[PDB]
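In structure tokens, the next block holds one chain alone, the form deposited in one PDB entry.
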């Protein structure tokens, strides 16, 4: 048939668009998950940097009041 071919290729083009939709959503989820993991490592390292600095600051303040 000839209408059966217009319907067949339409089903093919749409099958690919569905796969593109699903793949884009998966790549988006991967991207976000990779980003949160990285931002959580940065936050942890900053919280650790801040903790050492607060310690160093208080040691120096007490060294300074000892004349």
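Positions refer to the first chain, counted from 1. In this text, rigid core is short for the largest set of C-alphas that superpose within 1.5 Å between two forms. Shifts are known only where both forms have a C-alpha.
There is another form of this protein, the form deposited in another entry, and it is not shown here; the text below is about that form.
After superposition on the rigid core, the Cα atom of residue 54 is displaced by less than 2 Å between this form and the one not shown.
Once both forms are fitted on their core, the CA shift for residue 43 between this form and the one not shown remains under 2 Å. Remark: 13-25 is the one run between this form and the one not shown in which three or more consecutive shared residues have Cα displacements of 2 Å or more on core superposition.
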